[PDB]
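Everything on this sheet refers to the single structure shown next.
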Amino acid sequence: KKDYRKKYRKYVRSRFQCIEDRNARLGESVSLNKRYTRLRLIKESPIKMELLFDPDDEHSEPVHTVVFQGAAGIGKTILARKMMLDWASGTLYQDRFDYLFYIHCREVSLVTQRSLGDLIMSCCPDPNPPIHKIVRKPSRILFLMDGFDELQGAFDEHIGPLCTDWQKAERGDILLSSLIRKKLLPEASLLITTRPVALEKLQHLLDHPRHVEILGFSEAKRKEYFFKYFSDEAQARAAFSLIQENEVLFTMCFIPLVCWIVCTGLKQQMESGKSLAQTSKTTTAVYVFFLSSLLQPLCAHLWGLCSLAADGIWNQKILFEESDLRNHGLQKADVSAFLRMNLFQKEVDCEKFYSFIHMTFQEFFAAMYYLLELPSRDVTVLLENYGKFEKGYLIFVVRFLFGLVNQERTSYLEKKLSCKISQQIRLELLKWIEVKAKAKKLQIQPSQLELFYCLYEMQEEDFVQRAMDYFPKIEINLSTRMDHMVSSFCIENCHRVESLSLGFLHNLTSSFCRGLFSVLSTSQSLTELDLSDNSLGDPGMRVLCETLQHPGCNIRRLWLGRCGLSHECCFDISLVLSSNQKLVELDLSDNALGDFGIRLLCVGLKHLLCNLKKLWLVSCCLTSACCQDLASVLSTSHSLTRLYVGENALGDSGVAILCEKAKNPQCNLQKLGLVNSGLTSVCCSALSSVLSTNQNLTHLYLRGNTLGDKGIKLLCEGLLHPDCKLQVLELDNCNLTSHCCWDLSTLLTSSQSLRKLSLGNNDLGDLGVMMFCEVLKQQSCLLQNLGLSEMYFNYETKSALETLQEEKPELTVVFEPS
Ligand SMILES: Nc1ncnc2c1ncn2[C@@H]1O[C@H](COP(=O)(O)OP(=O)(O)OP(=O)(O)O)[C@@H](O)[C@H]1O
Ligand SMILES: CN1CCC[C@@H](Nc2ccc(-c3ccc(C(F)(F)F)cc3O)nn2)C1
């Protein structure tokens, strides 16, 4: 008769027109979902809400599963609700999906046994919708699974009895697993929202997902929020300015939830005729401020309130009934008070439960429970469950304990916490950090950036400085401004760190990290800085070099691998080399520092007081043209001993240039990395000359070249020289065969300095190895790995090599492949 899908769209539009779908909105004002402030969405590249499920750029491969990850408060629910409304309004997926089914994971039970009847309860009031009709057909239906991490109770990601078929009733965990794994109603689309931490389990269900990260408000979007929140423009501007002046809070406000909390606080202060001051610095300070302002205008119910929250965390319960409120001393009068002020919500769409306005608030109270003046009240058992899904990870519960357990405390509710307990907890928290600071990642989590968000929450230097004494090595990945703010605070107070590794994720290409590099330059203990494999391009190097010229820098080793640097950055690197007398090791591998960049770099390398000892220029798009400048550096440098230039186009002519100066007996070169440089036997006479004259050269790496047997003979003329002191010779993958074995054998029985000789991916043959075995027994000085890896031989040869290892144990390592 009529198309029932129209009624469903009408239902969705009337239901999702508001932000919460719940009452107690500070007098239940209309929240107006049209206020939605745009969130930043990055595909793992910026994307639009439309075309989200389109096939990718090759093979036209379709996507069924899309996962949206983000922090608590970033807007995963407001965004998923927005999609429901936009679709129902005909502004999104108009010709892609016939239905959108919104699944609220805080309502789904992992214990209760049910068929796929959620499709009934999640839609119109009609108790008997046409489930068996065309709505049963996949490819036109998208499910929105909102809050994977909010599922209450243990969840097993590995299930034997997957139980497909929507008609069969089964446990919620099994049912969700089959839906996520696309075994139940396959070829349907599924969108999942989750906190990044819960991906530890979800990753096993998804198989081949598309991932999108949700980022909060840009500075422009923060302003829009305030202007939309406050209908009075004069107030909106005053509020914005007050916050803008608070750099720390402004930074935190990238999270929509933080903006909401702050705005609500200011609104209440306006109504009461207060100063409107907002001086919060930490997440805890913001939450305490908010709750205090609401409780001030009652406060004797804090115990029951906190106890309720704590129970919910331990028993995995978010939704409460009147019985649960009464069981904790909450009954009607105070409950209503907590609806007038926005602490609880009841739900308005023909439902009656109670819950906290946000999971972070429930966790806040659950944390405060431990400090007041009944699951445990033992912080030890709490911490033991930190990394577990089963308890909701307790990330904010612990993070808030750090903030609450602080000597720098004030009045209003906070004063009701016990000082004796606070000290007991404080000490346990220090022990917890010491233990977690020394651990393997293993996807478990108090991840160093996380221990730093914990430390940031308490500004007490006496605590933080001691906590930071457990981090001799810091490895972190920063994606947002808040990550930098937190990292800088902790590093500024760390006097033990010797090695620091900083990753940068899509927000370098800019100066975002300037406020962190300015910290590193004042560190006295830091000696090694690793900034590899991140987009620290030219402008980023300029900032770093500015800080490396600081008189107290003390950085000795700097690793700059795939940083996206070009020749211009060498100008600034040179300036550092000409001033900073402490820098010893510099790795510039895998950059675009072509011949010109080296010419510039060499200006610093040839400078008096440049003490650089080790330089890596591997895969830097170099060719023979630059060898003239490198040769000049080798000729005069008093400190450069290690030079690695492989994986470049330094052909025979380039090597001959370097050799012309390297052969000088006064040259300090000790290790030469002429690896995958396209050398042939033509240049071996040059290398031979160097070996014969330069007694300081101890390591030569020629693997990947094509020297052949002729090259070996030429090198042997030098290697067999009485004044040659080479200790390590690597000739892997040099296109050598059995015809060179006579000369290699001669080397083994004549060289006095050789200790390690490495042959590898080449057709040495069985005759070759057997001949070596027969001479390696005759008081050979060779002690180290003989190589012969990635080589295959007959049974006799394998036995002979094993025999040699037992008979002549001085040659400890042969390293056969089998
Ligand atoms: N785009 C937006 N515009 C304005 N406010 C927003 C937006 N996104 C989120 N908020 C604010 O954030 C608060 C809660 O955020 P939200 O509940 O979406 O966080 P979440 O952790 O993603 O949710 P859930 O835990 O339910 O998945 C709301 O009170 C709302 O005011
Ligand atoms: C688990 N941990 C690993 C290391 C990186 C860290 N990243 C974030 C991102 C965001 C927030 C965050 C902080 C305060 C708030 C509040 F104020 F709204 F409560 C809401 C948040 O979402 N906290 N940590 C997560």
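Chain labels follow the order of the structure tokens: the first chain is A, the next B, and so on; residue numbering restarts at 1 in every chain, and ligands are counted from 1 in their shown order.
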Tell me which protein, DNA and RNA residues are within 12 Å of residue A:442, counting only C-alpha atoms, leaving out same-chain ones fewer than 4 positions away, and put them as a ChimeraX atom specification. /A:200,387,446-447
How would you write, as a PyMOL selection string, the set of residues no farther than 6 Å from ligand 1 when counting only C-alpha atoms and all ligand atoms? chain A and resi 36-39+72-78+146-147+256-257+260
Hey, can you spit out that residue selection with C-alpha atoms as a CSV table (one decimal), in the first residue's frame?
chain,number,residue,atom,x,y,z
A,36,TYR,CA,26.8,20.5,14.7
A,37,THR,CA,30.3,21.9,14.3
A,38,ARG,CA,32.4,20.1,11.7
A,39,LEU,CA,34.8,17.5,12.8
A,72,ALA,CA,36.5,10.0,24.3
A,73,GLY,CA,34.5,13.2,23.6
A,74,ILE,CA,35.8,13.8,20.0
A,75,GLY,CA,32.2,13.3,18.7
A,76,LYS,CA,31.8,9.7,17.5
A,77,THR,CA,28.2,9.7,18.7
A,78,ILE,CA,27.3,13.2,17.6
A,146,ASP,CA,28.2,3.1,18.0
A,147,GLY,CA,30.6,2.5,20.8
A,256,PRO,CA,34.0,19.0,21.7
A,257,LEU,CA,33.3,17.6,25.2
A,260,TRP,CA,30.7,21.8,26.2
With only C-alpha atoms and all ligand atoms counted and 9 Å as the cut-off, give the residues of chain A in contact with ligand 2, each with its shortest interatomic distance in Å and the pair that gives it, as JSON lines.
{"residue": "A:70", "atom": "CA", "partner": "ligand 2", "partner_atom_place_in_ligand_line": "22 (O)", "distance": 7.6}
{"residue": "A:71", "atom": "CA", "partner": "ligand 2", "partner_atom_place_in_ligand_line": "22 (O)", "distance": 4.0}
{"residue": "A:72", "atom": "CA", "partner": "ligand 2", "partner_atom_place_in_ligand_line": "22 (O)", "distance": 3.8}
{"residue": "A:73", "atom": "CA", "partner": "ligand 2", "partner_atom_place_in_ligand_line": "22 (O)", "distance": 5.1}
{"residue": "A:74", "atom": "CA", "partner": "ligand 2", "partner_atom_place_in_ligand_line": "22 (O)", "distance": 6.2}
{"residue": "A:195", "atom": "CA", "partner": "ligand 2", "partner_atom_place_in_ligand_line": "1 (C)", "distance": 8.6}
{"residue": "A:196", "atom": "CA", "partner": "ligand 2", "partner_atom_place_in_ligand_line": "1 (C)", "distance": 7.7}
{"residue": "A:197", "atom": "CA", "partner": "ligand 2", "partner_atom_place_in_ligand_line": "1 (C)", "distance": 6.3}
{"residue": "A:252", "atom": "CA", "partner": "ligand 2", "partner_atom_place_in_ligand_line": "17 (F)", "distance": 7.1}
{"residue": "A:253", "atom": "CA", "partner": "ligand 2", "partner_atom_place_in_ligand_line": "17 (F)", "distance": 8.2}
{"residue": "A:255", "atom": "CA", "partner": "ligand 2", "partner_atom_place_in_ligand_line": "18 (F)", "distance": 6.3}
{"residue": "A:256", "atom": "CA", "partner": "ligand 2", "partner_atom_place_in_ligand_line": "18 (F)", "distance": 7.7}
{"residue": "A:257", "atom": "CA", "partner": "ligand 2", "partner_atom_place_in_ligand_line": "18 (F)", "distance": 5.1}
{"residue": "A:258", "atom": "CA", "partner": "ligand 2", "partner_atom_place_in_ligand_line": "18 (F)", "distance": 4.9}
{"residue": "A:259", "atom": "CA", "partner": "ligand 2", "partner_atom_place_in_ligand_line": "18 (F)", "distance": 8.5}
{"residue": "A:261", "atom": "CA", "partner": "ligand 2", "partner_atom_place_in_ligand_line": "18 (F)", "distance": 8.1}
{"residue": "A:282", "atom": "CA", "partner": "ligand 2", "partner_atom_place_in_ligand_line": "17 (F)", "distance": 8.1}
{"residue": "A:283", "atom": "CA", "partner": "ligand 2", "partner_atom_place_in_ligand_line": "17 (F)", "distance": 4.7}
{"residue": "A:284", "atom": "CA", "partner": "ligand 2", "partner_atom_place_in_ligand_line": "17 (F)", "distance": 7.5}
{"residue": "A:286", "atom": "CA", "partner": "ligand 2", "partner_atom_place_in_ligand_line": "17 (F)", "distance": 7.1}
{"residue": "A:287", "atom": "CA", "partner": "ligand 2", "partner_atom_place_in_ligand_line": "17 (F)", "distance": 7.4}
{"residue": "A:360", "atom": "CA", "partner": "ligand 2", "partner_atom_place_in_ligand_line": "19 (F)", "distance": 5.7}
{"residue": "A:361", "atom": "CA", "partner": "ligand 2", "partner_atom_place_in_ligand_line": "19 (F)", "distance": 7.8}
{"residue": "A:364", "atom": "CA", "partner": "ligand 2", "partner_atom_place_in_ligand_line": "19 (F)", "distance": 8.7}
{"residue": "A:393", "atom": "CA", "partner": "ligand 2", "partner_atom_place_in_ligand_line": "1 (C)", "distance": 8.8}
{"residue": "A:395", "atom": "CA", "partner": "ligand 2", "partner_atom_place_in_ligand_line": "1 (C)", "distance": 6.3}
{"residue": "A:396", "atom": "CA", "partner": "ligand 2", "partner_atom_place_in_ligand_line": "19 (F)", "distance": 7.7}
{"residue": "A:445", "atom": "CA", "partner": "ligand 2", "partner_atom_place_in_ligand_line": "1 (C)", "distance": 7.4}
{"residue": "A:446", "atom": "CA", "partner": "ligand 2", "partner_atom_place_in_ligand_line": "3 (C)", "distance": 7.4}
{"residue": "A:447", "atom": "CA", "partner": "ligand 2", "partner_atom_place_in_ligand_line": "3 (C)", "distance": 6.3}
{"residue": "A:448", "atom": "CA", "partner": "ligand 2", "partner_atom_place_in_ligand_line": "4 (C)", "distance": 7.6}
{"residue": "A:449", "atom": "CA", "partner": "ligand 2", "partner_atom_place_in_ligand_line": "4 (C)", "distance": 4.9}
{"residue": "A:450", "atom": "CA", "partner": "ligand 2", "partner_atom_place_in_ligand_line": "4 (C)", "distance": 4.2}
{"residue": "A:451", "atom": "CA", "partner": "ligand 2", "partner_atom_place_in_ligand_line": "4 (C)", "distance": 8.0}
{"residue": "A:452", "atom": "CA", "partner": "ligand 2", "partner_atom_place_in_ligand_line": "4 (C)", "distance": 8.2}
{"residue": "A:453", "atom": "CA", "partner": "ligand 2", "partner_atom_place_in_ligand_line": "24 (N)", "distance": 6.9}
{"residue": "A:477", "atom": "CA", "partner": "ligand 2", "partner_atom_place_in_ligand_line": "5 (C)", "distance": 8.7}
{"residue": "A:478", "atom": "CA", "partner": "ligand 2", "partner_atom_place_in_ligand_line": "5 (C)", "distance": 8.3}
{"residue": "A:479", "atom": "CA", "partner": "ligand 2", "partner_atom_place_in_ligand_line": "5 (C)", "distance": 8.7}
{"residue": "A:480", "atom": "CA", "partner": "ligand 2", "partner_atom_place_in_ligand_line": "9 (C)", "distance": 8.4}
{"residue": "A:482", "atom": "CA", "partner": "ligand 2", "partner_atom_place_in_ligand_line": "9 (C)", "distance": 7.7}
{"residue": "A:483", "atom": "CA", "partner": "ligand 2", "partner_atom_place_in_ligand_line": "5 (C)", "distance": 7.0}
Mind writing the picked residues with N, CA and C atoms as a CSV table (one decimal), in the first residue's frame?
chain,number,residue,atom,x,y,z
A,70,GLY,N,38.4,7.4,17.6
A,70,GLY,CA,38.7,8.7,18.2
A,70,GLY,C,38.6,8.7,19.7
A,71,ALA,N,39.1,9.7,20.2
A,71,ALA,CA,39.1,9.9,21.7
A,71,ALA,C,37.8,10.0,22.3
A,72,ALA,N,37.7,9.8,23.6
A,72,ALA,CA,36.5,10.0,24.3
A,72,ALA,C,36.1,11.4,24.3
A,73,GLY,N,35.0,11.8,23.6
A,73,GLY,CA,34.5,13.2,23.6
A,73,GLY,C,34.7,13.8,22.2
A,74,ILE,N,35.4,13.1,21.3
A,74,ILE,CA,35.8,13.8,20.0
A,74,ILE,C,34.5,13.9,19.2
A,195,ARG,N,36.9,3.7,20.4
A,195,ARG,CA,38.1,4.3,21.0
A,195,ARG,C,39.3,3.5,20.4
A,196,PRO,N,40.4,4.1,20.0
A,196,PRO,CA,41.6,3.5,19.5
A,196,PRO,C,42.1,2.3,20.3
A,197,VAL,N,41.9,2.4,21.6
A,197,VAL,CA,42.4,1.4,22.5
A,197,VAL,C,41.7,0.1,22.3
A,252,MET,N,43.2,22.1,25.0
A,252,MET,CA,42.3,21.0,25.4
A,252,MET,C,40.9,21.1,24.7
A,253,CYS,N,40.5,22.3,24.4
A,253,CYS,CA,39.2,22.5,23.9
A,253,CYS,C,39.0,22.0,22.4
A,255,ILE,N,38.7,19.1,21.9
A,255,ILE,CA,37.7,18.1,22.1
A,255,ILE,C,36.4,18.7,22.4
A,256,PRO,N,35.3,18.5,21.6
A,256,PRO,CA,34.0,19.0,21.7
A,256,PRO,C,33.4,18.9,23.1
A,257,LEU,N,33.7,17.8,23.8
A,257,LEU,CA,33.3,17.6,25.2
A,257,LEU,C,33.9,18.6,26.1
A,258,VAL,N,35.1,19.0,25.9
A,258,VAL,CA,35.8,20.0,26.7
A,258,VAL,C,35.1,21.3,26.5
A,259,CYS,N,34.8,21.6,25.3
A,259,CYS,CA,34.1,22.9,25.0
A,259,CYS,C,32.8,22.9,25.7
A,261,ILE,N,31.8,21.3,28.4
A,261,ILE,CA,31.9,21.4,29.8
A,261,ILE,C,32.3,22.8,30.2
A,282,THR,N,44.2,21.4,33.7
A,282,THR,CA,44.3,19.9,33.4
A,282,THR,C,42.8,19.4,33.2
A,283,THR,N,42.7,18.2,32.7
A,283,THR,CA,41.4,17.6,32.5
A,283,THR,C,40.7,17.5,33.8
A,284,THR,N,41.4,17.1,34.9
A,284,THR,CA,40.8,16.9,36.2
A,284,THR,C,40.3,18.3,36.7
A,286,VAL,N,39.3,20.8,35.0
A,286,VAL,CA,38.1,21.1,34.3
A,286,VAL,C,36.9,20.4,34.9
A,287,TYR,N,37.0,19.1,35.1
A,287,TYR,CA,35.9,18.3,35.7
A,287,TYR,C,35.5,18.8,37.1
A,360,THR,N,33.2,9.6,30.6
A,360,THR,CA,34.3,10.2,31.3
A,360,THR,C,33.8,10.7,32.7
A,361,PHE,N,32.5,11.1,32.8
A,361,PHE,CA,32.0,11.5,34.1
A,361,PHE,C,31.8,10.4,35.0
A,364,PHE,N,35.2,9.6,36.2
A,364,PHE,CA,35.7,10.6,37.1
A,364,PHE,C,35.2,10.3,38.5
A,393,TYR,N,39.1,-0.6,30.4
A,393,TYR,CA,40.5,0.0,30.3
A,393,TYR,C,40.8,0.9,31.5
A,395,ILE,N,41.1,3.9,31.8
A,395,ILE,CA,42.1,4.9,31.4
A,395,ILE,C,41.8,6.2,32.1
A,396,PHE,N,40.6,6.7,32.1
A,396,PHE,CA,40.3,7.9,32.8
A,396,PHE,C,40.2,7.7,34.3
A,445,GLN,N,48.7,-1.4,27.4
A,445,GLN,CA,48.8,0.0,27.4
A,445,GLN,C,48.9,0.8,28.7
A,446,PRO,N,50.1,1.3,29.0
A,446,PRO,CA,50.3,2.5,29.8
A,446,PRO,C,51.3,3.0,28.8
A,447,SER,N,51.1,3.3,27.6
A,447,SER,CA,52.1,3.6,26.5
A,447,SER,C,53.0,4.8,26.6
A,448,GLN,N,53.6,5.2,27.7
A,448,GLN,CA,54.6,6.3,27.7
A,448,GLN,C,53.9,7.6,27.4
A,449,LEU,N,53.3,7.7,26.2
A,449,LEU,CA,52.5,8.9,26.0
A,449,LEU,C,51.4,8.9,27.0
A,450,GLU,N,50.8,7.7,27.2
A,450,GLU,CA,49.8,7.6,28.3
A,450,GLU,C,50.3,7.9,29.7
A,451,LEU,N,51.5,7.4,30.1
A,451,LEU,CA,52.0,7.7,31.4
A,451,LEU,C,52.2,9.2,31.5
A,452,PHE,N,52.4,9.9,30.4
A,452,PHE,CA,52.7,11.3,30.4
A,452,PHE,C,51.4,12.1,30.5
A,453,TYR,N,50.3,11.6,30.0
A,453,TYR,CA,49.0,12.2,30.2
A,453,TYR,C,48.6,12.1,31.7
A,477,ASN,N,54.8,8.9,19.9
A,477,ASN,CA,54.2,9.4,18.6
A,477,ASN,C,53.2,10.4,18.9
A,478,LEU,N,53.4,11.6,18.4
A,478,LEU,CA,52.5,12.7,18.6
A,478,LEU,C,51.6,13.0,17.4
A,479,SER,N,50.3,13.1,17.6
A,479,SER,CA,49.4,13.3,16.5
A,479,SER,C,48.7,14.7,16.6
A,480,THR,N,48.6,15.1,17.9
A,480,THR,CA,47.9,16.4,18.1
A,480,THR,C,48.6,17.4,19.0
A,482,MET,N,47.7,18.6,21.8
A,482,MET,CA,47.7,18.2,23.2
A,482,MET,C,48.8,17.2,23.6
A,483,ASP,N,49.1,16.3,22.6
A,483,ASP,CA,50.2,15.4,22.8
A,483,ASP,C,51.5,16.1,23.0
Skip stretch 334-342 of chain A itself and residues of its chain fewer than 2 positions away, then list as a PDB file with N, CA and C atoms, in the first residue's frame all residues within 7 Å of it, counting only C-alpha atoms.
ATOM      1  N   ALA A  24      16.990  16.204  30.815  1.00  0.00           N
ATOM      2  CA  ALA A  24      17.923  16.771  31.779  1.00  0.00           C
ATOM      3  C   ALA A  24      18.990  17.620  31.111  1.00  0.00           C
ATOM      4  N   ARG A  25      18.631  18.286  30.019  1.00  0.00           N
ATOM      5  CA  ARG A  25      19.581  19.155  29.341  1.00  0.00           C
ATOM      6  C   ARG A  25      19.513  20.553  29.942  1.00  0.00           C
ATOM      7  N   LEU A  26      19.882  20.648  31.218  1.00  0.00           N
ATOM      8  CA  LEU A  26      19.863  21.913  31.952  1.00  0.00           C
ATOM      9  C   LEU A  26      18.515  22.617  31.824  1.00  0.00           C
ATOM     10  N   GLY A  27      17.443  21.914  32.183  1.00  0.00           N
ATOM     11  CA  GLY A  27      16.094  22.449  32.024  1.00  0.00           C
ATOM     12  C   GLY A  27      15.452  21.924  30.746  1.00  0.00           C
ATOM     13  N   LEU A 294      28.315  23.399  39.767  1.00  0.00           N
ATOM     14  CA  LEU A 294      26.952  22.894  39.787  1.00  0.00           C
ATOM     15  C   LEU A 294      26.485  22.531  41.197  1.00  0.00           C
ATOM     16  N   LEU A 298      22.598  18.434  49.593  1.00  0.00           N
ATOM     17  CA  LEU A 298      22.954  18.600  48.186  1.00  0.00           C
ATOM     18  C   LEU A 298      24.349  18.025  47.909  1.00  0.00           C
ATOM     19  N   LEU A 330      20.615   7.216  46.619  1.00  0.00           N
ATOM     20  CA  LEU A 330      20.072   8.222  45.712  1.00  0.00           C
ATOM     21  C   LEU A 330      18.588   7.967  45.497  1.00  0.00           C
ATOM     22  N   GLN A 331      17.740   8.905  45.900  1.00  0.00           N
ATOM     23  CA  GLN A 331      16.310   8.669  45.783  1.00  0.00           C
ATOM     24  C   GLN A 331      15.499   9.933  45.552  1.00  0.00           C
ATOM     25  N   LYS A 332      14.988  10.053  44.331  1.00  0.00           N
ATOM     26  CA  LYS A 332      14.108  11.135  43.894  1.00  0.00           C
ATOM     27  C   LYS A 332      14.662  12.549  44.066  1.00  0.00           C
ATOM     28  N   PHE A 344      23.186  13.561  35.261  1.00  0.00           N
ATOM     29  CA  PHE A 344      22.524  12.355  34.765  1.00  0.00           C
ATOM     30  C   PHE A 344      21.534  12.632  33.640  1.00  0.00           C
ATOM     31  N   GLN A 345      21.234  11.586  32.879  1.00  0.00           N
ATOM     32  CA  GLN A 345      20.218  11.628  31.838  1.00  0.00           C
ATOM     33  C   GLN A 345      19.256  10.451  32.006  1.00  0.00           C
TER      34      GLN A 345
END
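Atom CA of residue A:538 is found 28.8 Å from atom CA of residue A:638.
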Contacts of stretch 413-425 of chain A at 9 Å or less, counting only C-alpha atoms, minus same-chain residues fewer than 3 places along, as a list in words? residues 288, 291, 292, 295, 299, 302, 368, 369, 370, 371, 372, 373, 379, 401, 402, 404, 405, 406, 407, 409, 410, 428, 429 and 430 of chain A
Give me the residues near residue A:792 as a PyMOL selection string, where near means some atom within 12 Å (using only C-alpha atoms) and where sequence neighbours in that chain fewer than 6 positions away do not count. chain A and resi 760-766+768-769+798+816-818
Restricted to N, CA and C atoms, what would the selected residues look like written as a short mmCIF file (atom, residue, chain, number, x, y, z; two decimals), in the first residue's frame?
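File produced: result_6.cif:
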data_model
loop_
_atom_site.label_atom_id
_atom_site.label_comp_id
_atom_site.auth_asym_id
_atom_site.auth_seq_id
_atom_site.Cartn_x
_atom_site.Cartn_y
_atom_site.Cartn_z
N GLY A 760 78.59 -14.21 0.54
CA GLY A 760 77.14 -14.40 0.70
C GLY A 760 76.43 -14.90 -0.55
N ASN A 761 75.52 -14.09 -1.06
CA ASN A 761 74.66 -14.51 -2.15
C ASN A 761 75.39 -14.55 -3.49
N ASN A 762 76.26 -15.54 -3.64
CA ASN A 762 77.01 -15.72 -4.87
C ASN A 762 77.33 -17.21 -5.08
N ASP A 763 77.58 -17.60 -6.33
CA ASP A 763 77.79 -19.01 -6.64
C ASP A 763 79.22 -19.46 -6.37
N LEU A 764 79.55 -19.56 -5.09
CA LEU A 764 80.89 -19.94 -4.65
C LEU A 764 81.21 -21.39 -5.03
N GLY A 765 80.21 -22.26 -4.95
CA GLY A 765 80.37 -23.66 -5.32
C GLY A 765 80.83 -24.54 -4.16
N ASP A 766 80.76 -25.85 -4.37
CA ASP A 766 81.15 -26.82 -3.36
C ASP A 766 82.66 -26.98 -3.33
N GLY A 768 84.77 -24.69 -3.89
CA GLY A 768 85.26 -23.50 -3.22
C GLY A 768 85.26 -23.67 -1.72
N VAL A 769 84.11 -24.02 -1.16
CA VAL A 769 84.01 -24.18 0.28
C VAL A 769 84.91 -25.28 0.81
N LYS A 798 78.34 -29.68 3.78
CA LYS A 798 77.68 -29.30 5.02
C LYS A 798 78.36 -29.99 6.19
N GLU A 816 76.13 -21.22 8.63
CA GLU A 816 75.50 -21.89 7.51
C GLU A 816 73.99 -21.61 7.56
N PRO A 817 73.33 -21.48 6.40
CA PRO A 817 71.90 -21.23 6.24
C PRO A 817 70.97 -22.37 6.70
N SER A 818 71.50 -23.60 6.81
CA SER A 818 70.74 -24.78 7.21
C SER A 818 71.44 -25.53 8.34
#
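We find atom CA of residue A:431 and atom CA of residue A:524 to be spaced 25.5 Å apart.
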Which residues of stretch 51-140 of chain A come within 12 Å of stretch 346-357 of chain A, and what is each one's closest atom pair and distance in Å (one decimal), counting only C-alpha atoms, sorted by chain and residue number, as a tab-separated table?
residue	atom	partner	partner_atom	distance
A:73	CA	A:357	CA	11.1
A:106	CA	A:355	CA	10.3
A:107	CA	A:353	CA	10.7
A:121	CA	A:350	CA	11.3
A:122	CA	A:349	CA	11.0
A:123	CA	A:349	CA	11.3
A:124	CA	A:349	CA	10.8
A:125	CA	A:350	CA	9.4
Could you pull out the residues in stretch 35-246 of chain A that DSSP calls helix (DSSP H, G or I) from the backbone, as a PyMOL selection string? chain A and resi 35+76-88+118-121+134-136+148-150+172-180+196-206+219-229+233-244
Select from stretch 572-715 of chain A everything DSSP, run on the backbone, classes as strand (DSSP E or B), then give the selection as a list in words.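 So, restricting stretch 572-715 of chain A to strand (DSSP E or B), we get residues 585, 586, 587, 592, 614, 615, 616, 623, 642, 643, 644, 649, 671, 672, 673, 699, 700 and 701 of chain A.
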Please list as a JSON list (two decimals) with N, CA, C and O atoms, in the first residue's frame every residue within 9 Å of residue A:743, counting only C-alpha atoms and excluding residues in the same chain fewer than 6 positions away.
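File around-v6.json, as written:
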[["chain", "number", "residue", "atom", "x", "y", "z"],
["A", 709, "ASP", "N", 85.44, -12.06, -10.37],
["A", 709, "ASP", "CA", 86.65, -12.71, -9.91],
["A", 709, "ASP", "C", 87.86, -11.83, -10.16],
["A", 709, "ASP", "O", 88.83, -11.86, -9.40],
["A", 712, "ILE", "N", 88.34, -9.48, -7.29],
["A", 712, "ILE", "CA", 88.94, -10.11, -6.12],
["A", 712, "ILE", "C", 90.44, -10.20, -6.28],
["A", 712, "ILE", "O", 91.18, -9.92, -5.33],
["A", 713, "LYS", "N", 90.90, -10.56, -7.46],
["A", 713, "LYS", "CA", 92.34, -10.66, -7.68],
["A", 713, "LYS", "C", 93.01, -9.31, -7.44],
["A", 713, "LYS", "O", 94.05, -9.23, -6.79],
["A", 716, "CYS", "N", 93.10, -8.43, -3.78],
["A", 716, "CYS", "CA", 94.08, -9.27, -3.11],
["A", 716, "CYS", "C", 95.49, -8.70, -3.23],
["A", 716, "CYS", "O", 96.30, -8.84, -2.31]]
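Between atom CA of residue A:454 and atom CA of residue A:67 the separation is 27.4 Å.
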Contacts of stretch 95-103 of chain A at 7 Å or less, counting only C-alpha atoms, minus same-chain residues fewer than 6 places along, as JSON, numbers by chain? {"A": [84, 119, 122, 140, 141, 142, 143, 144, 145, 146]}
Write out the residues from the selection above, keeping C-alpha atoms, as an mmCIF file, in the first residue's frame.
data_model
loop_
_atom_site.group_PDB
_atom_site.id
_atom_site.type_symbol
_atom_site.label_atom_id
_atom_site.label_comp_id
_atom_site.auth_asym_id
_atom_site.auth_seq_id
_atom_site.Cartn_x
_atom_site.Cartn_y
_atom_site.Cartn_z
ATOM 1 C CA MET A 84 21.302 9.223 10.778
ATOM 2 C CA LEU A 119 16.037 -4.159 14.053
ATOM 3 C CA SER A 122 15.815 0.211 17.016
ATOM 4 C CA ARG A 140 21.260 -1.633 0.636
ATOM 5 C CA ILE A 141 21.578 -1.618 4.414
ATOM 6 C CA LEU A 142 24.110 0.091 6.631
ATOM 7 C CA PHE A 143 24.481 -0.715 10.305
ATOM 8 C CA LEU A 144 25.970 1.867 12.640
ATOM 9 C CA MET A 145 27.669 0.232 15.614
ATOM 10 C CA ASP A 146 28.180 3.131 17.960
#
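Nearest residue to residue A:219 among A:40, A:777, A:506, A:35 is A:40, counting only C-alpha atoms.
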